[PDB]
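Report on the structure
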Amino acid sequence: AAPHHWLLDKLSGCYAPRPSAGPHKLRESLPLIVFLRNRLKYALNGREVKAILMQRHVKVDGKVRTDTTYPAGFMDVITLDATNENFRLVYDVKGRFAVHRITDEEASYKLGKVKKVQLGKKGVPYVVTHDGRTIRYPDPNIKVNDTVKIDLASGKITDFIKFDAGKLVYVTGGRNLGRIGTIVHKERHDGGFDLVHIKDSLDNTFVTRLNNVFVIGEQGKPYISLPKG
Amino acid sequence: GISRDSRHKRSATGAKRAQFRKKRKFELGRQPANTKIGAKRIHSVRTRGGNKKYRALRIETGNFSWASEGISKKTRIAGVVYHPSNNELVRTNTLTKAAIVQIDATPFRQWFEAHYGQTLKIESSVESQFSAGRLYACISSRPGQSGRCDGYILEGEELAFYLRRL
Amino acid sequence: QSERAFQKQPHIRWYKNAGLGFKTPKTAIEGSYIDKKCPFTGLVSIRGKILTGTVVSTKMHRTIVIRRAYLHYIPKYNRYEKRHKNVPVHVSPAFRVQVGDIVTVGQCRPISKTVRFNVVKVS
Amino acid sequence: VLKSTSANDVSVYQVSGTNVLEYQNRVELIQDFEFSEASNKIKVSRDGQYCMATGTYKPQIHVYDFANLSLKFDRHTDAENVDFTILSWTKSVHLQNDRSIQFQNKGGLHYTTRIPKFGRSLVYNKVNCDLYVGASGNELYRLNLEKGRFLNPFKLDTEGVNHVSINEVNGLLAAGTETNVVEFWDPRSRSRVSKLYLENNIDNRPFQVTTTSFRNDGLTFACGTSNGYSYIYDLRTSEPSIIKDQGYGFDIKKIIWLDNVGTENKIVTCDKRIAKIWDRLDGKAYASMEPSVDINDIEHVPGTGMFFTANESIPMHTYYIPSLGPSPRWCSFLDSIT
Amino acid sequence: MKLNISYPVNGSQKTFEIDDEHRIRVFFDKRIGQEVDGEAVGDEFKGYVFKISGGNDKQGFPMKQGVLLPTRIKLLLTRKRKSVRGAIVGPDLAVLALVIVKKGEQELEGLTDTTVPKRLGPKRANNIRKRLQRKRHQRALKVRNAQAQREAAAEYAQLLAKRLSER
Amino acid sequence: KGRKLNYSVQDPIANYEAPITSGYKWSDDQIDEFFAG
RNA sequence: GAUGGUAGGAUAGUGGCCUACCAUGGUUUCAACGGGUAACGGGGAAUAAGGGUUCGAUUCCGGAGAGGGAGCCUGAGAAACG
RNA sequence: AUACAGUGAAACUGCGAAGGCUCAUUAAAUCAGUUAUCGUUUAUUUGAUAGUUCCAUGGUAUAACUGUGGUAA
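Residues numbered from 1 in each chain as written, not as in the entry; some residues may be left out. Chains lettered and ligands numbered in written order. Part of a larger assembly, values for the part shown. Heavy atoms only, no water. Residues with missing side-chain atoms left out of burial classes, pairs and counts.

1. A short note on the nonpolar core
Operational definition: Among buried residues, those of type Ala, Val, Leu, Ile, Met, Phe, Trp, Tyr and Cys that are joined through side-chain atoms within 4.5 Å constitute a nonpolar core. Each residue is assigned to one of three classes by its accessible area relative to the maximum for its type, calculated with a 1.4 Å probe on protein chains only: buried under 20%, partly exposed between the two thresholds, exposed over 50%. Counting from the N terminus, the helices are DSSP H or I runs at least four residues long and the strands are E runs at least two residues long. It only takes one pair of heavy atoms within 4.5 Å for two residues to be counted as in contact.
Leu29(D) and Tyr64(D) are the most contacted members of the largest nonpolar core, which totals 33 residues. Elements with a contribution of two residues or more to this core: strand 1 (13-15), strand 2 (42-44), strand 3 (51-53), strand 27 (306-311) and helix 1 (334-337) of chain D together with strand 4 (72-77) of chain E. Leave out the neighbours within four places in its chain, and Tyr64(D) touches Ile30(D), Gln31(D), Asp32(D), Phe33(D), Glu34(D), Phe35(D), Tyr50(D), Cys51(D), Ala53(D), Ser70(D), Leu71(D) and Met316(D).

Following this line, the structure appears as structure tokens:
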């Protein structure tokens with residue numbers, strides 16, 4: 001009854017935890033019970049993960065948010081107070097949620113793909129992201145599928161990454177879900193299979209969608225740290 | 001009303017053997033409230049949470065708009081002479097959207113004499129109604145959904161556009 | 001160009017642009033045609049996907065019946081049986097489409113029972 | 001003791017008016033007599049109970065049992081109604097503002113059929129059972145309840161008909177048209193017999209006849225107009241008439257006799273705001289029934305002196321006349337309270 | 001019949017089983033609210049007037065004030081079909097309720113000469129007759145909310161002005 | 001003219017009512033000597 | 001209402017979803033429309049098991065029903081198992 | 001603790017039950033994925049988001065409760 005992304009062992013139970021509503025969707029997130037209890041194993045059961053949630057160790061996106069099924073989606077920096085645990089969780093190359101450990105100056109921010117820019121009411125420019133941070137007043141040159149950098153103390157955009165040909169992009173969606181390498185090709189079609197294409201070890205080619213891909217930095221310099229093997 | 005579904009009827013291919021289903025809640029066709037003239041009574045019906053809908057049946061105080069200056073002012077209703085979305089609708093003298101209804105234009109006289117001084121540049125076949133009192137004006141607002149009677153006056157081109165018709 | 005009642009007019013001569021690589025002809029920007037559901041001035045907005053094919057019949061007005069044959073890699077009897085599709089489409093003030101006439105259409109806002117596509121191109 | 005309006009040396013009373021210590025001396029006769037802000041058409045069945053009142057928004061049927069003084073049900077019908085009849089008890093036939101016809105039963109909604117053009121009136125024939133329905137144009141249709149067929153529709157004049165009625169003791173089909181002609185057809189022959197023309201002395205504009213009626217002697221015919229002018233007719237010198245201008249005169253809609261109770265040769269006229277009652281052979285007003293709101297139509301209960309209107313307000317008014325007659329057996333303490 | 005009688009201002013009420021129905025027949029065909037005399041229901045209570053206030057009949061069914069029809073009928077009350085006796089009183093009432101609004105000629109050692117008091121005095125301030133620190137804090141939090149929000153809004157609108165000047 | 005005037009026979013109304021033999025209390029000779037003119 | 005156009009009604013809104021008017025359309029041999037079951041079986045609908053090769057994990061057979069049809073009401077969600 | 005002060009039958013309240021059997025046989029119309037809704041509803045989740053003032057605190061009307069009762073209920 002589980003998805004593939006959670007890295008959930010089959011010998012666990014019968015009812016799978018539906019995440020509650022929140023920032024991200026159901027299909028692109030993992031809740032805190034499947035995060036803490038059975039992935040990096042700070043708990044043994046739902047009772048004691050509710051106990052540490054009542055103790056309020058979790059500090060995801062700089063706020064506490066004491067809830068069992070809180071849908072932590074892409075790169076919400078899970079922060080735990082004891083042993084200064086800073087966790088940025090991204091996608092691995094085979095579809096799961098690889099939770100990388102980072103440090104404090106990297107967990108002081110996150111980034112987010114812009115979805116739409118609106119002239120909503122009363123002359124106010126407007127920007128949303130995958131956690132829905134409706135932050136005030138970016139520059140006019142925010143296209144769709146660019147990348148804002150959230151402040152995580154206040155909410156303001158601090159840095160901006162422009163989407164164009166020659167940018168380091170992350171793909172979350174479809175049969176390319178979780179690949180990095182961002183350059184063999186660029187092809188913007190007019191309604192589907194439109195993208196920037198991603199290399200491999202032998203620099204192979206790949207096809208995805210615009211909304212299923214979003215930028216993380218430059219060719220060699222992302223200010224996100226990434227795990228390795 | 002009854003329905004909103006393609007299941008009771010045929011598509012662009014000509015199919016049969018329908019016998020489909022007990023009709024759901026979200027195929028809700030309410031009764032056609034033919035709004036008339038009377039004393040102002042609006043039924044406050046519910047839908048989709050607290051989505052109150054104003055179903056007007058006997059509305060009078062039409063806010064009709066002077067066109068060339070855009071002056072939406074308050075007046076009464078007389079009757080619709082031509083509306084061939086149903087040619088019996090004008091026989092029964094109801095009041096729906098996009099109907100051409102007659103208005104005693106006395107507050108428009110008051111506004112003209114108030115912001116121009118003299119009484120009577122404006123077209124002659126509406127100057128005749130400036131003199132007489134009853135001018136033609138077409139309803140914009142939806143009394144069956146928003147419960148209101150707003151409209152726009154007939155001024156020249158749109159006037160002859162309807163007068164050549166009927 | 002007025003054969004029906006009830007103030008045949010644009011609904012706020014009027015002119016807009018859907019963008020996205022589809023031209024608006026100059027009579028459809030400034031001309032006497034009303035463009036009620038032709039998407040260049042229109043009331044509809046564009047979205048979705050864009051399909052291309054030749055026609056079969058343009059008998060009634062505001063009905064463009066496209067044909068659409070396409071390749072599909074059949075593995076069953078290992079030969080390609082040829083595709084055919086149909087879609088009705090509203091008019092545009094740019095081309096009286098006759099038989100032949102490969103044209104393309106964009107998805108928007110169901111107009112009749114079966115039309116979501118309106119002509120944006122002729123070539 | 002309910003208050004009485006002033007009149008010509010006569011008394012009337014209203015129950016369930018717009019104004020009707022009062023809370024603790026309430027005089028309510030029929031409980032739940034109020035509709036959704038208007039009223040379409042009310043009529044009382046042939047037997048001693050079971051009055052039926054058509055609806056206004058989400059239109060209903062509203063059968064009231066007179067021997068229970070309250071409501072039985074409200075079948076929310078599919079469309080808004082204009083005209084119906086009652087066919088004894090439980091059966092009844094209706095037609096809505098669209099060109100559709102409903103057949104209500106004890107279970108309700110036995111069938112929904114249609115007529116090809118928009119209809120305005122319906123009557124039923126007790127003899128050989130064909131309902132005649134008057135509509136717009138050349139077309140006066142039949143739906144026979146014997147074998148459910150259709151019949152060879154009656155060819156009219158140009159614009160149509162506002163009201164159709166058949167005579168009771170002999171069957172003379174009336175059809176009040178627009179061009180002042182009354183177009184009497186014969187329910188035996190399925191052909192015209194006469195095309196009587198209606199005249200006046202004022203002649204404001206080309207009026208249209210809107211109300212037709214007969215009574216149970218079979219010799220006279222009550223005629224209406226779209227101007228507030230009652231007319232009588234006989235075969236005896238059928239070209240003139242006696243006329244009745246009314247003091248407001250918009251459109252008379254209900255003209256009904258008093259041919260089954262005492263205080264004879266009297267008739268009720270009813271236009272949009274007022275309903276009066278006068279005597280035959282002079283044309284002088286016996287009484288009048290001025291309410292606080294307009295009137296959609298009226299009806300008079302048989303055997304006794306009471307009237308039931310359908311109006312444009314929330315309740316319906318009932319009007320009791322203690323000089324025309326008594327109050328009926330189910331209202332048999334109205335003569336004790338007032 | 002039994003007659004419930006209530007003297008309301010003294011707070012007294014008692015039932016009296018009165019047989020001998022030609023005494024009772026004064027009330028007959030008189031609906032609710034219409035007054036009555038003591039003279040034709042009794043002799044020992046003359047100069048008495050009772051406003052009737054309903055009454056349960058035998059089979060216990062109540063009458064509601066002012067409908068018609070002194071038999072039983074099936075109405076719609078607080079909406080379902082409940083049976084209710086008519087407001088007019090006839091021969092078949094078990095109890096009939098009465099309010100005495102004027103004492104006549106004889107004292108009653110149940111109604112007049114014996115009485116009960118009330119319950120308890122009022123509780124509300126205006127009912128006894130006939131906060132300001134919260135008024136400080138409400139006004140202070142309101143003007144502080146204004147001086148926070150309406151200044152911060154223009155304080156990022158000026159950052160929009162900086163972005164527009166640099167663009 | 002599709003749904004307009006279907007001259008068909010319908011099922012529930014085929015025996016919805018029943019006729020009457022004498023009907024009018026007058027005679028047909030009374031009809032003829034009633035409106036000869 | 002078959003196919004579309006114009007306007008209104010109703011809608012949570014798109015919509016011949018319904019009605020007035022108008023045009024005679026539309027699908028099809030490049031398989032329309034119609035014929036049945038090992039449609040108590042099938043379609044990935046899904047888990048797969050270190051040798052069982054169509055047994056071997058499950059969601060769903062279709063829609064209904066709270067004595068029988070009908071009408072109404074409530075709610076973020078219903079034509080309510082209450 | 002002479003205007004409240006703990007136990008607390010029976011009453012208002014917040015919520016509970018938050019998804020269970022049988023019967024007639026639908027061929028991508030039942031179903032599964034997918035495109036879109038600047039074509040639309042949305043409790044709850046999450047991020048955001050309010051500037052019109054002439055010559056010291058506002059009203060009876062109902063409970064629970066008492067009291068008189070009816071009815072086989």
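2. Some words on the pattern of salt bridges
Residue and element names in this part refer to chain D. Rule in force here: The term salt bridge refers to a side-chain nitrogen of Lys or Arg lying within 4 Å of a carboxyl oxygen of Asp or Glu.
Tallying each qualifying case throughout the model produces 30 salt bridges over all chains. Where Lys41 meets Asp83, a salt bridge forms, and the shortest distance between an N and an O atom there is 2.6 Å. Highlighted residues: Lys41 in the loop between strand 1 and strand 2 and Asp83 in strand 6 (residues 81-86), separated in sequence by 42 residues. Two residues, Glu264 and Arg215, come together in a salt bridge whose shortest N-O distance is 4.0 Å. Of the two residues, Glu264 is situated in the loop between strand 22 (256-257) and strand 23 (266-270) and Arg215 in the loop between strand 18 (212-213) and strand 19 (221-223); the sequence distance between them amounts to 49 residues. Owing to a relative accessible area of 36%, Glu264 belongs among the partly exposed residues under this scheme. With a relative accessible area of 9%, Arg215 lands in the buried category.

3. A word on a nonpolar patch on the surface
Using the following cut-off: Candidates for patches are residues over 30% relative accessible area with no salt bridge; among them, like charges are joined within 9 Å and nonpolar side chains (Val, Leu, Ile, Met, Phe, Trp, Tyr) within 5 Å. Throughout, the Shrake-Rupley method with a 1.4 Å probe supplies accessible areas, and for residues the shown protein chains are the sole cover considered.
Judged by side-chain polarity, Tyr70(C), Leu71(C) and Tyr80(C) come together as a nonpolar surface patch covering roughly 350 Å² of accessible area. In this structure, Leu71(C) sits in the loop between strand 3 (65-67) and strand 4 (86-87).

4. Observations concerning the protein's contact with RNA strand G
Rules: Being near a molecule or strand, for a residue, comes down to having at least one heavy atom within 4 Å of it. For this analysis, a polar contact is any N or O atom pair within 3.5 Å, provided that within protein one partner can donate a hydrogen and the other can accept it, and provided that sequence-adjacent residues contribute only side-chain to side-chain pairs. Three residue categories are used. Nonpolar comprises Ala, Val, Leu, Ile, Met, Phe, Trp, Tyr, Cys and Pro, charged comprises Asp, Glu, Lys and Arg, and polar comprises the others, including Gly.
In the region of RNA strand G, 74 residues are neighbours, and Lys25(B), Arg30(B), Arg46(B), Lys37(C) and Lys113(C) sit closest. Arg10(B) is positioned with one of its backbone polar atoms (N or O) 2.7 Å from a phosphate oxygen of RNA strand G. The contact in question runs from a base nitrogen of RNA strand G to an N or O atom on the side chain of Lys82(C), over 2.5 Å. Elements supplying a minimum of two residues to the surface near RNA strand G: strand 1 (42-47) and strand 2 (51-56) of chain B together with strand 3 of chain C. Here the surface near RNA strand G is built from residues that sort into 13 nonpolar, 23 polar and 38 charged.

5. Description of unusual backbone geometry
Here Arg65(A), not a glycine, exhibits a phi torsion of approximately 55 degrees, which is positive. Mapping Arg65(A) onto the fold places it in the loop between helix 2 (46-55) and strand 1 (78-80). Of note, the phi angle at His62(D) is positive, near 55 degrees, even though the residue is not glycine. When you line up the elements, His62(D) lands in the loop between strand 3 and strand 4 (63-65).

6. So, the interface of chain D and chain F
Our working rule: A quick way to say it: buried area is the sum, across both parts, of accessible area lost when two parts are put together, with a 1.4 Å probe.
Contact residues are listed per partner, giving 39 residues for chain D and 25 residues for chain F. Between chain D and chain F, a total of about 3000 Å² is buried, with carbon and sulfur atoms accounting for 63% of that surface. Among the residues chain D hides against chain F, the three largest losses belong to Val127(D), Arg149(D) and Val169(D). Together they make up 16% of the total. Counting every contact that joins chain D to chain F gives seven residue pairs in polar contact. The set of elements that each furnish at least two residues to the side of chain D that touches chain F consists of strand 8 (100-104), strand 9 (111-114) and strand 17 (191-194) of chain D. For the side of chain D that touches chain F, the element with the most residues is strand 9 of chain D, which contributes three residues.

7. Brief notes about the packing of aromatic side chains
Heads up, the condition is: Under the pairing criterion, centres of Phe, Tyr and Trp rings, with the six-membered ring standing for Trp, must be within 6.5 Å; the plane angle then separates stacked pairs below 30 degrees from edge-to-face pairs above 60, leaving the rest tilted. The criterion for a charge sitting over a ring is simple: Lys NZ or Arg CZ within 6 Å of the ring centre, and within 35 degrees of the ring normal.
Following the criterion strictly, the structure yields 31 aromatic pairs over all chains and no others. On the numbers, 6.4 Å between centres and 75 degrees between planes, the contact of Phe35(A) with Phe87(A) is edge-to-face. Placement of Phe35(A) in helix 1 (residues 32-36) and of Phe87(A) in strand 2 (residues 85-91) is noted, with a sequence separation of 52 residues between them. Residue classification places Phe87(A) among the buried residues on the basis of a relative accessible area of 8%. Each ring, one from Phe74(A) and one from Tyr91(A), has its centre 5.0 Å from the other, and the planes form 75 degrees; the classification is edge-to-face. One end of the pair, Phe74(A), is in the loop between helix 2 and strand 1; the other, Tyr91(A), is in strand 2, with 17 residues separating them in the sequence. Among the aromatic residues, those joined into a ring-pair cluster are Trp66(B), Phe108(B), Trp111(B), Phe112(B), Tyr116(B) and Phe130(B). The ring of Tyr54(B) carries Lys52(B) above its face, with NZ or CZ at 3.7 Å from the centroid.

8. Observations regarding the arrangement of the chains
When the six pairs of chains in contact are compared, the highest contact count belongs to chains D and F. There is a clear gap between chain A and chain D: no contact, and 38 Å between their nearest C-alpha atoms. No interface is formed between chain C and chain D, the nearest pair of C-alpha atoms being 22 Å apart.

9. Digging into the environment of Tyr231(D)
On the secondary structure map, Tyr231(D) appears in strand 20 (residues 229-233). Residues in contact with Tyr231(D), not counting those within four places in the same chain, are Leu198(D), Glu199(D), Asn200(D), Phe207(D), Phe221(D), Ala222(D), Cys223(D), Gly224(D), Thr225(D), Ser241(D), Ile242(D) and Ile243(D).

10. What about the interface of chain B and chain C?
A common way to express how large an interface is: the accessible area buried when the components associate. Across the boundary between the two partners, chain B contributes 16 residues, which contact eight residues of chain C. In this assembly, chain B packs against chain C so that about 910 Å² is buried in total across both faces, 55% of it on carbon and sulfur atoms. Considering only the side of chain B, the residues that lose the most area to chain C are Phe161(B), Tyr162(B) and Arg165(B), jointly responsible for 36% of the buried surface there. On inspection of chain B and its partner chain C, the count reaches zero salt bridges.

11. Examining a positive patch on the surface
What counts is decided by this rule: Neither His nor the chain ends contribute to the count of charged residues, in which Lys and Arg are positive and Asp and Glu negative. Every charge is mapped to an atom, namely NZ of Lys, CZ of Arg, CG of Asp or CD of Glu.
A grouping of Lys9(B), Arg10(B), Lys16(B), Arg17(B) and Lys113(C) is seen on the molecular surface, where their side chains present a positively charged patch. Here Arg10(B) lies in the segment before strand 1.

12. Topic: the protein's contact with RNA strand H
The local shell around RNA strand H holds 42 residues, among which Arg65(A), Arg136(A), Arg17(B), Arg47(C) and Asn126(E) are the closest. A share of 76% is what sugar and phosphate atoms reach among the atoms of RNA strand H within 4 Å of the protein. The separation between a phosphate oxygen of RNA strand H and a polar side-chain atom of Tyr156(E) is 2.5 Å. When contributions to the surface near RNA strand H are tallied by element, the ones reaching two or more residues are strand 1 (2-7), strand 2 (12-17) and helix 2 (132-166) of chain E. For the surface near RNA strand H, the element with the highest residue contribution is helix 2 of chain E, accounting for five residues.

13. Points about a negative patch on the surface
Residues and elements named next belong to chain E. There is a patch of like negative charges on the surface, built from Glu39, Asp43, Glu44, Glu105, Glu107, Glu109 and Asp113. Relative to the helices and strands, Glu39 is located in the loop between strand 2 and strand 3 (49-52). In this structure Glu39 comes out as partly exposed when scored by relative accessible area, which is 42%.

14. Description of the side chain of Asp151(A)
Residue and element names in this part refer to chain A. Considering the arrangement of structural elements, one finds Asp151 in the loop between strand 7 (147-150) and strand 8 (157-161). An unpaired buried charge is present at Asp151: no salt bridge exists, and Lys156, the closest side chain of opposite charge, is 4.6 Å distant. A polar side-chain atom of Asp151 sits 3.0 Å from the main-chain amide nitrogen of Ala153. Engagement of the side chain of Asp151 in a polar contact is seen with the backbone nitrogen of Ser154, the distance being 2.5 Å. Filtering out sequence-adjacent residues up to four positions away, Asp151 remains in contact with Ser108, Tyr109, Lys156 and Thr158.

So far we have only geometry, and geometry alone does not tell us how the molecule works.
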